[PDB]
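Engineer: Structure incoming, see below.
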Amino acid sequence: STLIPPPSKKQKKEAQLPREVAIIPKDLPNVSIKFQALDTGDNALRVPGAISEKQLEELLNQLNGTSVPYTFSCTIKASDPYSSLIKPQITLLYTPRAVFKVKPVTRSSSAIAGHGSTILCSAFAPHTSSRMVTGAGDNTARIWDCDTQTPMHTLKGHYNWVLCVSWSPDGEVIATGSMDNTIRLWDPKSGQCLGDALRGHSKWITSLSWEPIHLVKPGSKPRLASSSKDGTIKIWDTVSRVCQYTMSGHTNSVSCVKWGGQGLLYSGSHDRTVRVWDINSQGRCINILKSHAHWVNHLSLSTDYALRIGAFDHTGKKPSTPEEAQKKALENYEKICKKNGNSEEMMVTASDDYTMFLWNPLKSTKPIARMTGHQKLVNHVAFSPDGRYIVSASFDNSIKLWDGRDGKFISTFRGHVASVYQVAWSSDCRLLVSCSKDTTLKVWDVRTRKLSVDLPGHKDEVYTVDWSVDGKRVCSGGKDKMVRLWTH
Amino acid sequence: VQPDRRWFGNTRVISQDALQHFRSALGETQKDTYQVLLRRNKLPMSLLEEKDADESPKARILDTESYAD
Amino acid sequence: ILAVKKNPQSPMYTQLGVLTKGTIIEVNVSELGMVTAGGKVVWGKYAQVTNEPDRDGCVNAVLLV
Amino acid sequence: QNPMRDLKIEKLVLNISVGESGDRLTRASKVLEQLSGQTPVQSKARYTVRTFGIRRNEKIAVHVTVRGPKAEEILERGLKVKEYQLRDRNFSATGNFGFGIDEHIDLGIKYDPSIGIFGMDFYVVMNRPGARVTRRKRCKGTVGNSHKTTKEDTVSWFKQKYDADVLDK
Amino acid sequence: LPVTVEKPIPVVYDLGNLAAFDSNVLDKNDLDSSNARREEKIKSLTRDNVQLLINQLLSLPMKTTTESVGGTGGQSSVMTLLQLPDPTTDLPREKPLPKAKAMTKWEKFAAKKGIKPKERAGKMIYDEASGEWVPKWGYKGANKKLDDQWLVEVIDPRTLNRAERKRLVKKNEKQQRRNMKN
Amino acid sequence: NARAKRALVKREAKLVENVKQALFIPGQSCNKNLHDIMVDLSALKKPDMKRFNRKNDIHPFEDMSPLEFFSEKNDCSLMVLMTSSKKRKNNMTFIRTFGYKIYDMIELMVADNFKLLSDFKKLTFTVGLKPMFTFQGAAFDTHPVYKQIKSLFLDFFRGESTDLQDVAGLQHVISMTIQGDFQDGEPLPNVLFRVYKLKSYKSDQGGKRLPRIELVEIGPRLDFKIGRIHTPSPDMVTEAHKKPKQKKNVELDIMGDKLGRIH
Amino acid sequence: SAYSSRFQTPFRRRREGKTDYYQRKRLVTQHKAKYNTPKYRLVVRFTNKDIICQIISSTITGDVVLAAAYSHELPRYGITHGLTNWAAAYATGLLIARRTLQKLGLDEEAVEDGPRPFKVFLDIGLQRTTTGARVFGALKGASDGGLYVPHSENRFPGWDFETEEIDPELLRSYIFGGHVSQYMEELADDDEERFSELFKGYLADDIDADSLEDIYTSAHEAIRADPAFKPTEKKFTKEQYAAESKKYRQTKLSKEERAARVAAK
RNA sequence: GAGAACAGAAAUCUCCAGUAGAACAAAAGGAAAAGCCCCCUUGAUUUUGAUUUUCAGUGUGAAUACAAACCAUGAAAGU
RNA sequence: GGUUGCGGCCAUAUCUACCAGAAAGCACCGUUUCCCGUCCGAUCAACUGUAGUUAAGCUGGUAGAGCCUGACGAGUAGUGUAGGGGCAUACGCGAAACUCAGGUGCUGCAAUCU
């Protein structure tokens, strides 16, 4: 056990001597200050003293007649995010705080002796985090009651590995793509395959993309899009299980596909090509992007997170009728999508060649920015739920953060010692949890880009992790054949 | 060689918290000609090194297409 | 190579730091990054020399894990 | 009035002391197994006397408990042979009583020479409801003086049933 | 409600022992035990002193680990802790320093001679005719092998070896007693 | 057998000394008020507190050997013996031991106006937590007797010498005050001993950095009269201030690198 | 005579089998020398027909309780059957954990600090330590209710003695009254006399193996929703209770009467 | 003490108590254990912050001093 | 005021022989599918609150042994302190036994009681 060099006699003498105090009640300095919304709104000039931050925050409330708390920052070289006011004209800025705060996950929990196989995938349910499902090498998928940390009915029916599993955004039907050729449907309480499995696929399923609720009309169930090594994406009707059309534009395996809020299915493929297929176009490609040196390994969008919740916000209150649920999904999608006034769902594509590309599929095919600061392939790239921050995981043992819109580099984490696998985003964007080839789980504080806490315990090869929608609990899984839960 | 709870046992484990302090020291450390070193500490310089020197060297084009093709 | 801890056959060779295939030596395993229980990442383990460096221009060892 | 002060049998105790250790100890263990159906247990000598030849840890006895409904049947069978009587003595201050006779094989058990001649002794403990207080861990209480069993009470109880007598007068 | 506290004479603090000193003038008029305001004045003075000490104490640095509960000897990252400085008050000791050591003849001989101290390699010695290490001492070592072996080809010689070993132990004890007088 | 060896190891002098054990001995005149005072003192000294079996007839001033014998047999450095005579009403004696030998003796008496812990408002109190201390008046440092009293109180209540303290650990504070200032040569005013529990009033006026500190008295309330006093010789003082002894142009720079200056 | 004089009885709470001071010493004899971290000793006791669980920090003043709960409060969520069973202990632990979590205001002195999760330590009590004991079930329920007590599944129901593993399905069934639910059917298909004397309330309420699990789930949901801890009506105020009680209790007779009776000897 | 087939004054079997003549190695003012019973079990482990000594003065090659991990054990505090 | 969980000094709290205890609560009890340990489902582990209770536990009251407290001894015994002289006075700390009188438990938080 290495020891940090102990403080010398000089350090002891310095520590023994008292120093300044933080009461700061007297002689508050006054300097001119300006207010300007972080995104677009430029403005409320004042020259106040070194007053408490709460007073400054409440000052802007009456200006806009909102009563809502707003996150505050200034000088956006300085990069400054009484203590802040004593550093020196400071140009202050504001943005919504999203008062709902997800408490940091620090405490571990006992393991569950469920399916005896390496874990492959896992995802939290949108309606409530109390239920969770994990995929593993075993052909059978199992749901878990997070409250009691116990398994649920076993999804018997598959004869090969369940590559991908995830709840539908409405939570009505779970999809569990099988390795061999098929995807099966399981409602939360069926305990058995719901009808005949979706078959007729030449190769294994790579990823699944549910139809967003905000686009789903009342009554009709959401469509289920699938991707596979065959290089084609089939659109499946959850009710009739029939395929309306299949697109084979991709000449190689489709790495992943995301059902955008505008009805466009942004997908990447091993052919180093990105094709924006759209359901509304009767299964036709509207535009094609080709800028990656290597193939595309992952895809993500700013509004993708809002799709997976299916109007089930952090409160977890289930809607009454499909129409009001769709309306609440649409309003939330507009809120997240219309961050910069207009609805613009930014897209980012992960390139294995130590590079990532920022894309705006709704506009010209010229890339917005070429995010390129990694040393190894970026395994996973995901937009922040807020949308202003972008993070990526790579095999180079580091996690890099980038600006959501301008592409400017922000910071890089180096806590992980081995290859970093997929990561998860907190419901409030305040904390990011990442898992790596190393047998450790870590969470990073976005507020200052510092290591918050370490969560070891897994035997080895923690392949994937997810964050609950409400943020109460965080699940994990790895090759140890043991599911472990984490909570504040 | 005799078997025991010796080698196959951990002996060099570093502390997780100390890594951040070592990285900060390496980033902030500075020396002048009038200052000389006598004993260079043995630390995992590999983890401390490789700072944010984002250059992203050229892609492995050969992987996408072999020489024969 | 970090250090040599135990060379059999008159460990005076150990004091001399000779390889003497069959010795157990410490190696900086920071590259692999294996982490023991408790979150304390390990970066050094003792390994035994497998090949004979006297008759070869390279040194081979196997991690004692 | 006697709302809950009804005398109840706690357990029956059986034992066979031996003049030596070895084959006879195994025979006694087999006798215990065939009679009570309980696994044999070892009772070791607390000290070396040298008068009987027993050394420290001689394993000269096998203590076995006969608690349960089978106690009544065994006690009845034993008392049947002994003229359905017990002496005025053999009763402890608390009323616990016992006895012992030779040739245990007399009461049904097979005459087979594998066991041979083997006597036995009996010890019976009696108590009233609420004995768990002195045996439970939490709130270990005392015992009422009246609640304690007495020699006369146990003698009367043993005389009311089994048609026993004092054997002395 | 106000937290401001000040005194004419600067306050002396001992953060290493959570103590402070206030050499300010004591109001004998109100400190009298017969006065009723005495208790209130003492309470106010104690509150001011505690406020000053807390204000000074909180200025110290605080550690923030990234570990978890882990073992019983670990520390939780959530629990912020103040790093107190080294003690300043030189409290009296309770026992002297046992700097005295053993002046046994062995140390002097080693200093005179070039015999370096043994490295304490291990208990696992090697033997023959058994196919096992058979460590020298610690568990069924070679010491009792001579007695255990059933052939002493050369009066009972088995007991003689035990007697010799006991005599060597007695000689070691005698040497210990002799050196105890150093 | 190892159990006895472990105790003997603690008996032997250690480079780093643990919390000084305190032994309480009831005297021949252990009044009921004296017993209550002893119980209150123990409440602030647990778990490192030991009380004797029954009364005693030991006079520290007239008999020093018994205290040394008890300290040696119990491995207790601090000794307290409460005994009140007709002239010395409610007198309590405190003694320190260095190497099992008497270090100093001081007589402390509590006035009848003392208030017990039960008399004050009930409040939470955790055993083993290190309390805070505050000393008022220049006499504490500018006088020998007051300096000795301050040192004794600190050694009695300073607890462990840990370099890391929890924020929530500051549960209560002990207020050390004197009954007003005095001129040179005047009788020493009685030492006022008070204990106040801490209340964390919000920092409304103090912004966010520092809360408004509030105090609630819980006692015991004691006024310590000064009686007979004994002090150690200079050699004993020097011995009690020894250090374990644990570099020109030599400094361990950050990361453990051994650097130096050429000049 | 001499024995009675030259001896001292054990502590008041040690003479009776109420508290084991050996555990108290360990829970209070922390060194500590590392930090001045407070502690909250857990207290769990199982009485006849009732289960008592409490969190009580150590304090010389009497260990003032910050929060407490009782099994007899379960009917507040519709649970009445099996008040003493393993499932009832788990429910009581969950209820107390959620109650303390809510009243401490974590979610629906530490100035400038962040959210500090609570910590609690189990108490031995006087129940023999064996895997599957209801004490471990109460501990598991408390932990599931938002408590991070250090614990190991070695003593949880369904643990495999032969190998260091555990079956979570058995634990889930026990949490949902698995053993009780199975025994209900195994007695319905068996002799009815036992199923007519015992489980009489079950027959009256028409409870089956699945209705019991549904009731337990609903009770857990209600506990999560409303741990408000509403007490009883508390009629018959203290003063009249005291007046009534003194009627039967025999008070100390006046010493004058005793002196007169002694003189009358 | 009442007693318990041989068995009695020392073999066995049950109710009360040694203020604890058990062993708490023990010398001493003196425990739901420190005495007995069932499970595990290394330890002569690792780096190096005060002391020495070479013989390629060798970042320690090492015991002593101590630091912080590792382990046993338990449900945990804990040692 | 009763009972219960945690408790504060740990005999005013205990021991000996008797009597009372409704409501509410401990305790007693009835049972062994399973986790679980013993030869024994008696302790222990689990289920029921139903069958069976104040017979026991526990809390109280009566008359014996001790315990604890205040004052009487009492500034009394002892002790070195200074020279009339070869012990008394002068002069600080300061007992115990004995005598007189008193009682044989109180105490906070939470839950539940007529």
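Labels for the structure tokens follow display order: chains A, B, ..., residues from 1 in each chain, ligands from 1.
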Per residue of stretch 18-104 of chain G within 10 Å of stretch 124-147 of chain D, record the nearest atom pair and its distance in Å to one decimal, counting only C-alpha atoms, with rows in chain order and ascending residue number, as a Markdown table.

Structural biologist:
| residue | atom | partner | partner_atom | distance |
| --- | --- | --- | --- | --- |
| G:18 | CA | D:139 | CA | 5.8 |
| G:19 | CA | D:138 | CA | 8.5 |
| G:20 | CA | D:138 | CA | 9.7 |
| G:45 | CA | D:138 | CA | 10.0 |
| G:47 | CA | D:138 | CA | 9.9 |

Engineer: Up to 12 Å from chain H, what residues of chain F turn up? Count only C-alpha atoms (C1' of nucleotides) and give them as a ChimeraX atom specification.

Structural biologist: /F:1-7,14-16,25,52-58,66-74,244-246,252,256-258

Engineer: Any chance you can output those residues with N, CA and C atoms as a CSV table (one decimal), in the first residue's frame?

Structural biologist:
chain,number,residue,atom,x,y,z
F,1,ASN,N,-3.2,-18.0,27.4
F,1,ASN,CA,-2.0,-17.3,27.9
F,1,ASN,C,-1.8,-16.0,27.2
F,2,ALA,N,-2.1,-16.0,25.9
F,2,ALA,CA,-1.9,-14.8,25.1
F,2,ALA,C,-2.7,-13.6,25.6
F,3,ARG,N,-3.8,-13.8,26.3
F,3,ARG,CA,-4.6,-12.8,26.8
F,3,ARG,C,-3.8,-11.9,27.8
F,4,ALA,N,-3.1,-12.6,28.7
F,4,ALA,CA,-2.3,-11.8,29.7
F,4,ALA,C,-1.2,-11.1,29.0
F,5,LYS,N,-0.6,-11.7,28.0
F,5,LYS,CA,0.5,-11.0,27.2
F,5,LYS,C,0.0,-9.7,26.5
F,6,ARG,N,-1.2,-9.8,26.0
F,6,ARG,CA,-1.8,-8.6,25.4
F,6,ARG,C,-1.9,-7.5,26.4
F,7,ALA,N,-2.4,-7.8,27.6
F,7,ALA,CA,-2.5,-6.8,28.6
F,7,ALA,C,-1.2,-6.2,29.0
F,14,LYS,N,4.2,2.9,25.5
F,14,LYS,CA,4.0,2.9,24.1
F,14,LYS,C,4.5,4.2,23.5
F,15,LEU,N,5.1,4.2,22.3
F,15,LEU,CA,5.5,5.4,21.6
F,15,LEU,C,4.3,6.3,21.4
F,16,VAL,N,3.2,5.8,21.0
F,16,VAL,CA,2.0,6.6,20.9
F,16,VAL,C,1.0,6.1,22.0
F,25,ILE,N,-12.0,6.5,42.9
F,25,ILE,CA,-12.0,5.8,44.1
F,25,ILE,C,-12.9,6.5,45.1
F,52,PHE,N,-14.1,2.0,41.6
F,52,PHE,CA,-13.6,1.0,42.6
F,52,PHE,C,-14.8,0.2,43.2
F,53,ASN,N,-14.6,-0.9,43.8
F,53,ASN,CA,-15.6,-1.7,44.3
F,53,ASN,C,-16.4,-1.1,45.4
F,54,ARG,N,-15.8,-0.4,46.4
F,54,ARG,CA,-16.5,0.1,47.5
F,54,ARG,C,-15.6,1.3,48.1
F,55,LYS,N,-16.1,1.8,49.3
F,55,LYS,CA,-15.4,2.9,49.9
F,55,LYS,C,-13.9,2.6,50.2
F,56,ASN,N,-13.2,3.7,50.5
F,56,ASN,CA,-11.8,3.6,50.8
F,56,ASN,C,-11.4,4.6,51.9
F,57,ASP,N,-10.3,4.4,52.5
F,57,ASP,CA,-9.8,5.2,53.6
F,57,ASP,C,-8.4,5.7,53.3
F,58,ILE,N,-8.2,6.1,52.1
F,58,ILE,CA,-6.9,6.6,51.6
F,58,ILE,C,-6.8,8.1,51.6
F,66,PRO,N,-0.5,4.2,48.4
F,66,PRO,CA,-1.7,3.5,47.9
F,66,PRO,C,-2.2,3.9,46.5
F,67,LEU,N,-2.1,5.2,46.2
F,67,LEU,CA,-2.5,5.6,44.9
F,67,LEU,C,-1.6,5.0,43.8
F,68,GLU,N,-0.2,5.0,44.1
F,68,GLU,CA,0.7,4.5,43.1
F,68,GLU,C,0.4,3.0,42.9
F,69,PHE,N,0.2,2.3,44.1
F,69,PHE,CA,-0.1,0.8,44.0
F,69,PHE,C,-1.4,0.6,43.1
F,70,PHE,N,-2.4,1.3,43.4
F,70,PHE,CA,-3.7,1.1,42.6
F,70,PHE,C,-3.4,1.4,41.1
F,71,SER,N,-2.7,2.5,40.8
F,71,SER,CA,-2.4,2.8,39.4
F,71,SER,C,-1.6,1.7,38.8
F,72,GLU,N,-0.6,1.2,39.4
F,72,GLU,CA,0.2,0.1,38.9
F,72,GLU,C,-0.6,-1.1,38.6
F,73,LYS,N,-1.5,-1.5,39.6
F,73,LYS,CA,-2.3,-2.7,39.5
F,73,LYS,C,-3.4,-2.6,38.5
F,74,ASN,N,-3.9,-1.3,38.2
F,74,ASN,CA,-4.9,-1.1,37.3
F,74,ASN,C,-4.5,-0.5,36.0
F,244,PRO,N,9.4,11.2,20.9
F,244,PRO,CA,9.9,10.0,20.3
F,244,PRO,C,11.0,10.3,19.2
F,245,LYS,N,11.3,11.5,18.9
F,245,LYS,CA,12.2,11.9,17.8
F,245,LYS,C,11.9,11.2,16.5
F,246,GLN,N,10.6,11.2,16.2
F,246,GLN,CA,10.2,10.6,14.9
F,246,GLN,C,9.8,11.7,13.9
F,252,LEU,N,11.1,16.3,0.8
F,252,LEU,CA,10.4,15.3,0.0
F,252,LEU,C,9.3,16.1,-0.8
F,256,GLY,N,6.5,12.2,-3.7
F,256,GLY,CA,7.6,11.5,-3.0
F,256,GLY,C,9.0,11.6,-3.6
F,257,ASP,N,9.1,12.5,-4.6
F,257,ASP,CA,10.4,12.7,-5.2
F,257,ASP,C,11.4,13.5,-4.3
F,258,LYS,N,12.6,12.9,-4.1
F,258,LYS,CA,13.6,13.5,-3.2
F,258,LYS,C,14.3,14.6,-4.0

Engineer: Env of stretch 4-15 of chain C: 6 Å cut, atoms = only C-alpha atoms (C1' of nucleotides), seq-sep filter 2 positions within chain, self excluded. Answer as an MDAnalysis selection string.

Structural biologist: (chainID C and resid 17:18 23:25) or (chainID H and resid 61)

Engineer: Could you list, as a count of residues only, the residues of chain G having an atom within 6 Å of chain H when counting only C-alpha atoms (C1' of nucleotides)?

Structural biologist: 5

Engineer: Please return, as a list in words, all residues of chain B that DSSP assigns to alpha helix (DSSP H) on the basis of the backbone.

Structural biologist: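 Answer for chain B restricted to alpha helix (DSSP H) is residues 16, 17, 18, 19, 20, 21, 22, 23, 24, 25, 26, 27, 28, 45, 46, 47, 48, 61, 62, 63 and 64 of chain B.
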
Engineer: At a cut-off of 10 Å, using only C-alpha atoms (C1' of nucleotides), what residues contact residue E:39? Leave out same-chain residues fewer than 5 positions from it and give the result as a list in words.

Structural biologist: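 So, after excluding close chain neighbours, the residues are residues 30, 31, 32, 33, 44 and 45 of chain E; 194 and 217 of chain F.
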
Engineer: Would you write out those residues with N, CA and C atoms, as a tab-separated table (two decimals), in the first residue's frame?

Structural biologist:
chain	number	residue	atom	x	y	z
E	30	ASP	N	-20.46	40.71	37.39
E	30	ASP	CA	-21.56	39.82	37.02
E	30	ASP	C	-21.24	38.35	37.24
E	31	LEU	N	-19.96	37.98	37.29
E	31	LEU	CA	-19.58	36.58	37.47
E	31	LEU	C	-19.83	36.08	38.89
E	32	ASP	N	-20.18	36.96	39.82
E	32	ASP	CA	-20.43	36.53	41.19
E	32	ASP	C	-21.53	35.48	41.23
E	33	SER	N	-21.32	34.44	42.05
E	33	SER	CA	-22.28	33.34	42.12
E	33	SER	C	-23.64	33.79	42.62
E	44	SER	N	-23.81	33.42	27.15
E	44	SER	CA	-23.49	34.26	25.99
E	44	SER	C	-22.01	34.19	25.65
E	45	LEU	N	-21.14	34.25	26.67
E	45	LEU	CA	-19.71	34.18	26.42
E	45	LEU	C	-19.32	32.83	25.81
F	194	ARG	N	-18.77	24.57	33.12
F	194	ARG	CA	-20.08	24.48	32.48
F	194	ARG	C	-19.97	23.63	31.23
F	217	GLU	N	-27.55	24.76	27.96
F	217	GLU	CA	-26.80	24.23	29.08
F	217	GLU	C	-27.41	22.92	29.57

Engineer: Hey, list the chain F side of the contact with chain E: 6 Å cut-off, only C-alpha atoms, answer as a PyMOL selection string.

Structural biologist: chain F and resi 13+98-99+132-138+163-166+175+179-181+205-206+212-213+215+240-241

Engineer: Residues of chain B no more than 9 Å from chain F, counting only C-alpha atoms: send them over as a list in words.

Structural biologist: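 Here is what falls inside 9 Å: residues 21, 22, 25, 26, 29, 33, 34, 35, 36, 37, 38, 39, 40, 41, 42 and 43 of chain B.
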
Engineer: Could you work out which residues of chain B fall inside 6 Å of chain C? Count only C-alpha atoms, and format the result as a ChimeraX atom specification.

Structural biologist: /B:7-8,12-16

Engineer: My list of candidates is D:117, D:45, D:164, D:7. Which is closest to residue H:6 when distances are computed with only C-alpha atoms (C1' of nucleotides)?

Structural biologist: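 Closest candidate: D:117.
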
Engineer: Which residues, written as a ChimeraX atom specification, have at least one atom at most 12 Å from residue H:54, with only C-alpha atoms (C1' of nucleotides) counted and residues fewer than 6 positions away on the same chain left out?

Structural biologist: /E:113-116 /H:61

Engineer: Figure out the distance between atom CA of residue F:12 and atom CA of residue F:81, please, to one decimal in Å.

Structural biologist: 24.8 Å

Engineer: Give the residues of chain G that lie within 6 Å of chain I; count only C-alpha atoms (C1' of nucleotides), and format the answer as a PyMOL selection string.

Structural biologist: chain G and resi 11+60-65+132+157+179+183+197-198+242+245-246+250

Engineer: Atoms to include: N, CA, C and O atoms. Write the selected residues as a short mmCIF file (atom, residue, chain, number, x, y, z; two decimals), in the first residue's frame.

Structural biologist:
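Listing of part15.cif after writing:
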data_model
loop_
_atom_site.label_atom_id
_atom_site.label_comp_id
_atom_site.auth_asym_id
_atom_site.auth_seq_id
_atom_site.Cartn_x
_atom_site.Cartn_y
_atom_site.Cartn_z
N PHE G 11 -26.44 -6.15 37.31
CA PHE G 11 -27.15 -4.92 36.97
C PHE G 11 -28.66 -5.17 36.93
O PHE G 11 -29.12 -6.30 36.74
N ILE G 60 -26.45 8.25 27.48
CA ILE G 60 -26.56 8.02 28.92
C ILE G 60 -27.90 8.52 29.45
O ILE G 60 -28.42 7.99 30.44
N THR G 61 -28.48 9.54 28.81
CA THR G 61 -29.74 10.09 29.27
C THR G 61 -30.88 9.08 29.19
O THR G 61 -31.92 9.29 29.81
N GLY G 62 -30.69 7.99 28.46
CA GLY G 62 -31.73 6.98 28.34
C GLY G 62 -31.90 6.45 26.93
O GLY G 62 -32.81 5.65 26.67
N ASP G 63 -31.04 6.87 26.00
CA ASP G 63 -31.12 6.44 24.61
C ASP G 63 -32.46 6.85 23.99
O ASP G 63 -33.29 6.01 23.63
N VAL G 64 -32.66 8.16 23.90
CA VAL G 64 -33.89 8.69 23.32
C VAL G 64 -34.08 8.13 21.92
O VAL G 64 -33.15 8.13 21.10
N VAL G 65 -35.28 7.64 21.64
CA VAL G 65 -35.58 7.01 20.37
C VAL G 65 -35.93 8.08 19.34
O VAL G 65 -36.72 8.99 19.60
N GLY G 132 -32.27 -18.08 8.40
CA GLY G 132 -33.70 -18.11 8.25
C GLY G 132 -34.48 -17.56 9.42
O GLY G 132 -35.72 -17.49 9.35
N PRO G 157 -33.12 -16.78 4.45
CA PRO G 157 -33.81 -18.03 4.10
C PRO G 157 -33.41 -18.51 2.71
O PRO G 157 -33.15 -17.73 1.80
N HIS G 179 -43.85 -19.97 2.79
CA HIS G 179 -44.04 -21.13 3.66
C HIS G 179 -45.47 -21.18 4.20
O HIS G 179 -46.10 -22.24 4.21
N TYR G 183 -48.22 -24.03 3.37
CA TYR G 183 -48.79 -24.81 4.45
C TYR G 183 -50.31 -24.68 4.49
O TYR G 183 -51.00 -25.61 4.91
N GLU G 197 -58.95 -25.53 13.79
CA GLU G 197 -58.52 -24.79 14.97
C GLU G 197 -57.51 -23.71 14.58
O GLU G 197 -57.74 -22.52 14.81
N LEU G 198 -56.39 -24.12 13.98
CA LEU G 198 -55.43 -23.17 13.44
C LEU G 198 -55.93 -22.62 12.11
O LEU G 198 -56.72 -23.26 11.41
N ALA G 242 -54.48 7.31 35.65
CA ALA G 242 -53.77 7.17 36.91
C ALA G 242 -54.74 7.00 38.07
O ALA G 242 -54.51 6.17 38.96
N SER G 245 -56.12 3.43 37.95
CA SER G 245 -55.13 2.39 38.22
C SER G 245 -54.88 2.24 39.71
O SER G 245 -54.71 1.12 40.21
N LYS G 246 -54.83 3.36 40.44
CA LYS G 246 -54.54 3.30 41.87
C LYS G 246 -55.61 2.55 42.65
O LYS G 246 -55.36 2.15 43.79
N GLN G 250 -52.06 -2.03 45.21
CA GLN G 250 -51.92 -1.90 46.65
C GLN G 250 -50.78 -0.93 46.97
O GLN G 250 -49.62 -1.21 46.67
#
